[PDB]
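> Generate a structure from the sequence data that follows.
(chains A, B, C, D, E, F and G)
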Amino acid sequence: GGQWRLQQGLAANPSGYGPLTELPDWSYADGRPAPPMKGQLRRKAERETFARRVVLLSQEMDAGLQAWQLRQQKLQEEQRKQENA
Amino acid sequence: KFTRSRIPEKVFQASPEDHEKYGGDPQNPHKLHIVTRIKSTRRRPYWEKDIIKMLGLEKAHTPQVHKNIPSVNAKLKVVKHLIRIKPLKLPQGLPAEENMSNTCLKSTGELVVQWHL
Amino acid sequence: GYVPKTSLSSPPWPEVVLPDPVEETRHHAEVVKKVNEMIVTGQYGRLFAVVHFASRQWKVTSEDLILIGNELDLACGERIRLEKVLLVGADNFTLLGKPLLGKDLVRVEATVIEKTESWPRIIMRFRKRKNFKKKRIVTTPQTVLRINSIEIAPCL
Amino acid sequence: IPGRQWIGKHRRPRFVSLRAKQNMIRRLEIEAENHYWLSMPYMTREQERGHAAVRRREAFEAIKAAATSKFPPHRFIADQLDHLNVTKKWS
Amino acid sequence: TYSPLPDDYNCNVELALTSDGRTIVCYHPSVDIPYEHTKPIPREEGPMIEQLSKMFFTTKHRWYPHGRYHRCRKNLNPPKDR
Amino acid sequence: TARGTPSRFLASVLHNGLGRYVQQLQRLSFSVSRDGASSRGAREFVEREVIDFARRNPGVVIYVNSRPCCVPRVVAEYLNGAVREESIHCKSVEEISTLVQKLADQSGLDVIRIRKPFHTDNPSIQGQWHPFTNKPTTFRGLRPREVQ
RNA sequence: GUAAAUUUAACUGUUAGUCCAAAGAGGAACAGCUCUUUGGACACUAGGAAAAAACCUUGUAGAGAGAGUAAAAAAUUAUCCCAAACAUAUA
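Residues are numbered from 1 along each chain as shown, chains lettered A, B, ... in the order given. This is the structure:
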């Protein structure tokens, strides 16, 4: 059952993102933790690249909106110095 | 003969009923798309294959983000029957550099920074 | 709002009704207090823990062995603890997480006894009429863990 | 039945199960949602024009540098003179 | 003794949640079998196969012997589980 | 293939994790040739790595023969009598180090198939299932359709 | 959105097939018949439709005694029939 999991905002596959896979799977006896799983490293890298791509697209299209605004304003202002005398 | 398809644009004039059905917001329209492939490229023509190789959608059920520019919409409008596109809502703003290696994505379509394992 | 009794007007399933929520909570508090005093005194005996170590679920008890199909980056005879315990049970009581159980209510130890590589397994692909005949030998690495103890603690 | 039983005038028509119809409806509702989320773009076409030109240009320049960069690898004296120790001894 | 499901066919088990909600505790004791439900102790090679067929209720096929090939492939010292 | 080869059940030597852990390998026996190409990768292992391997776990007695032969080999004698012979001819440094570490980090039991991934010696805490668990009892023990 | 395209030097090989949807021609608006075209698949993996190259779902490949899904269940009143059954326990 995984349609119910989605209508409750969970990963449909319990081996996806959740407590079961994110948390470390072991620890040394005294208590000092142990180097993470290579799956954890791989998924941290993939999520990092995803976030960076989101930043790139968002801020570049905003820069495009700003550039279009100033281009239209340049058209407006250099339309105004042709109306003297 | 079989050809490409030209969808009439009237299929994309969302109604107010649609707005209140899905998470509608006509004005202040959403910035990005998160797109996931849910069908095979095989048994489907070659230009669909090329598009699904252009939008980064090689593996199925692997989400990839894209702009909402009409160019990418004109690409998605011919592989729409192989993709599930959901808005990437950002309840709190896009992450900063220090807290970027500690972010994660929820199945409801939201990117969130507070992901302590 | 009335229907004469008939074989199909009513629902065949016997319509149960749930207990009153407040009395239900009081009952739940009483029984958890009972299990808590059982754990604090020492009633239990041996314990079995359903654990989620490193690929999949193992049902584990004291003294026993578990073969994992991958290396674990640990010297031989180097004590370890297994977090992610999703069931722990004794003769009379058993606790299930939702999904997991805190790192204080259940403590599962372990040791590594041997690191081996599995027996040589064969991958052969073959197709008829095409001279397609591929052969390969694979030796997965494995490590065997002795589960040492499973200590439950009163914190409920 | 004449032969090649799945064709011919007296073909056997397959039946439409309920779960196949339910699958059709699932895909079709997903399509309706796609139609919605393609029904409102951010930037009109006149606005996007050239906004990401710099990124594409630098990516293509990276491609060009990679293409132009192919050349034989170096050749060191150490390799040729370290093959000469397949006759080590003890004495 | 709560019986939404009639927990009397076998025994009774009590369910509860710890106060916060992140652990579920179930109490199941070994119900003992009552006394007054108890009772007191009360104080020739074809017919061979047929009689063994009726006593153990298996059919006749498995009782005939097997040849040498099917009895050198049998494992004399099999591994011991547990 | 599985049918065509032996098998076993998951096992330790002497319940080798309960009280403690004892290294299973007692002995390693290197044979090397002073003047011979095949032993080259082994020769340096006697110069560079063997000293640190000998100190890095001291329960193993390491012998090195240094005969005037042409072939090397390593004999790994274990506590329970099993001898693992391994060939190191025409090998190099890193692979011989990996081999000797692999020998000194496994038990002596044969590498043949493992049938169960576990060896739970007391596989029940709550009472193994027989067909009468979960089956009710009746008044005076009347099997069905009886009278008295 | 992409990371590929064009050109130079260099040889071999195939060079056209079958079936399905679609527009058509011939033929009986038959043929597992012949012939053009746009697409798909096959001659490569796997699961389904009973068996099933050609229909539907799926691609990049190993180990696992872990999980979620895809397609996917037949309804109306001329040797020897051919799945056994079942109108209702919360999809």
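> Tell me which residues are up against the helix or strand containing residue D:66.
According to DSSP states H and E, residue D:66 maps onto helix D:53-68. Contacts with helix D:53-68, where a contact means Cβ atoms under 8 Å, 6 or more residues apart in numbering or on different chains, come from residue A:60. The C-beta positions use only the backbone N, C-alpha and C, and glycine is treated the same way.
> ok, and does that helix reach over to RNA strand G?
Yes: Helix D:53-68 is in contact with RNA strand G by Cβ under 7 Å from any atom of the strand, via D:55, D:56, D:59, D:60, D:63, D:64, D:67.
> What's the first helix or strand after that helix?
The helix or strand immediately downstream of helix D:53-68 is helix D:77-82, counting by DSSP H and E.
> Show the contacting residues for residue A:43.
Residue A:43 neighbours (Cβ under 8 Å, 6+ apart): none.
> what is the orientation angle of the helix or strand in which it is found with helix D:53-68?
Here residue A:43 sits within helix A:38-77, counting by DSSP H and E. Per axes from the mean of the first three to the mean of the last three Cα atoms, to 10 degrees, the angle that helix A:38-77 makes with helix D:53-68 is 130 degrees.
> returning to that earlier point: okay, the residues of helix D:53-68 next to RNA strand G in TSV with neighbour count and distance to residue F:145 next?
TSV is the format used below for those (neighbours: other Cβ atoms under 10 Å in any protein chain shown; distance: Cβ to Cβ, whole Å):
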residue	neighbour count	distance to residue F:145
D:55	11	86
D:56	10	87
D:59	11	85
D:60	10	89
D:63	10	87
D:64	10	92
D:67	8	90
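> Can you tell me which of these lies closest to chain C?
residue D:67 (34.7 Å; Cβ to the nearest Cβ).
> Which secondary structure state does the closest residue to RNA strand G within chain E sit in?
Proximity to RNA strand G, evaluated over chain E using Cβ to the nearest atom of the strand, is greatest for residue E:81 at 9.4 Å. Look at residue E:81: counting by DSSP: H, G, I helix; E, B strand; the rest coil, its state is coil.
> Residue D:52 reaches residue A:60, doesn't it?
Yes: counting by Cβ atoms under 8 Å, residue D:52 touches residue A:60, with 5.8 Å between them.
> ok, back up a step: so which of the residues of helix D:53-68 next to RNA strand G would you say is closest to chain E?
Among these, residue D:55 lies closest to chain E (Cβ to the nearest Cβ), at 46.9 Å.
> what number of residues lie near residue C:152?
21 (other Cβ atoms under 10 Å in any protein chain shown).
> Between residue D:52 and residue A:60, tell me which one has more neighbours.
Between residue D:52 and residue A:60, residue D:52 has the larger neighbour count (other Cβ under 10 Å), namely 17 against 14.
> so how far is residue A:72 from that one?
19 Å (Cβ to Cβ, to the nearest Å).
> for residue F:29, phi and psi?
phi -130, psi 100 (degrees, to the nearest 10).
> Pairing partners for it in the sheet, please.
Beta bridges link residue F:29 to residue F:63, residue F:75, judged by DSSP bridges.
> Tell me who's in contact with it.
F:63, F:64, F:65, F:74, F:75, F:76, F:77.
> pretty sure the last one contacts residue F:60?
No: with contact taken as Cβ under 8 Å, residue F:77 and residue F:60 are classed as non-touching, separated by 9.5 Å.
> which neighbours do the two share?
By Cβ under 8 Å, 6+ apart, the residues touching both residue F:77 and residue F:60 are F:25, F:26, F:27, F:28.
> Surely the first one is in contact with residue F:77?
Yes: counting by Cβ under 8 Å, residue F:25 touches residue F:77, with 7.5 Å between them.
> Those two: who's more crowded?
Taking other Cβ under 10 Å, residue F:25 and residue F:77 do not tie; residue F:25 has more neighbours (23 against 18).
> OK, contacts around that one?
Here residue F:25 is in contact with F:59, F:60, F:76, F:77, F:78, F:79, F:103, F:104, F:108 (Cβ under 8 Å, 6+ apart).
> give me that answer again for 7 Å
Counting by Cβ atoms under 7 Å, 6 or more residues apart in numbering or on different chains, residue F:25 touches F:60, F:76, F:78, F:103, F:104.
> and it, how far is that from chain A?
To chain A, residue F:25 is 24 Å away according to Cβ to the nearest Cβ, to the nearest Å.
> Give me the nearest residue to that residue, chain neighbours excluded.
Distances taken as Cβ to Cβ, 6 or more residues apart in numbering or on different chains place residue F:104 nearest to residue F:25, at 4.8 Å, with adjacent residues excluded.
> What count of nearby residues applies to residue 65?
Here I'm looking at chain A. 13.
> Wait, chain D was what I had in mind.
Around residue D:65 sit 9 other residues, with neighbours defined as other Cβ under 10 Å.
> Spell out for me which residue occupies the centre of chain C.
residue C:50 (2.1 Å; Cα atoms, centre = their mean).
> swap in chain F?
Note: chain F centre (Cα atoms, centre = their mean) maps to residue F:107, 2.7 Å.
> Spit out the contact partners of the residue nearest to residue F:25.
Contact analysis of residue F:104 by Cβ under 7 Å, 6+ apart lists F:25, F:57, F:60.
> quick check, the longest helix along chain D touching RNA strand G?
Identified as the longest helix of chain D according to DSSP state H is helix D:18-37. Yes: residues of helix D:18-37 contacting RNA strand G under Cβ under 7 Å from any atom of the strand: D:18, D:19, D:20, D:23, D:26, D:27.
> Can you report how many residues lie near whichever residue of chain C sits closest to chain A?
Residue nearest to chain A within chain C (Cβ to the nearest Cβ): residue C:79, separated by 3.6 Å. Using other Cβ under 10 Å, residue C:79 is surrounded by 15 other residues.
> How about residue C:86?
Residue C:86 has 19 nearby residues by other Cβ under 10 Å.
> ok but it is inside a strand, no?
Yes: per three-state DSSP, residue C:86 lies within a strand segment.
> which residues sit in contact with residue B:84?
B:36, B:38, D:30.
> Kindly reformat the contacts of residue F:104 as CSV containing distance to residue F:9.
What follows is these, written out as CSV (distance: Cβ to Cβ, whole Å):
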residue, distance to residue F:9
F:25, 22
F:57, 28
F:60, 27
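> about what we covered before: quick one: buried residues of the helix holding residue A:43?
Neighbour counts over helix A:38-77 (16 or more other Cβ atoms under 10 Å in any protein chain shown) mark A:40, A:44, A:47, A:50, A:51, A:54, A:57, A:58, A:61, A:64, A:68 as buried.
> And stretch D:34-45, by the same measure?
So stretch D:34-45, judged by 16+ other Cβ under 10 Å, has buried residues D:34, D:35, D:36, D:37, D:38, D:39, D:40, D:41, D:42, D:43.
> So which of the residues you listed reach chain A?
Counting by Cβ under 7 Å from any Cβ of the partner chain, D:42, D:43 from the buried residues of stretch D:34-45 sit close to chain A.
> Closest one of the buried residues of stretch D:34-45 to RNA strand G?
Out of the buried residues of stretch D:34-45, the member with the shortest distance to RNA strand G (by Cβ to the nearest atom of the strand) is residue D:43, at 11.9 Å.
> Quick check: nearest residue in space to that closest one, chain neighbours excluded?
Ranked by Cβ to Cβ, 6+ apart and with sequence neighbours excluded, the top spatial neighbour of residue D:43 is residue B:69, at 5.6 Å.
> before we move on, the earlier item: gap between the helix holding residue A:43 and the chain center?
Helix A:38-77 sits 10 Å away from the centroid of its parent chain (Cα atoms, centre = their mean, to the nearest Å).
> The residue lying closest to residue F:35 once chain neighbours are set aside: helix or strand, and which one exactly?
Spatially, and ignoring its direct neighbours in sequence, residue F:35 is nearest to residue D:89 (4.9 Å; Cβ to Cβ, 6+ apart). Assigned by DSSP H and E, residue D:89 falls within no helix or strand.
> if I read this right, residue D:89 contacts residue F:36, doesn't it?
No: using Cβ atoms under 7 Å as the test, residue D:89 is too far from residue F:36 to be in contact (8.8 Å).
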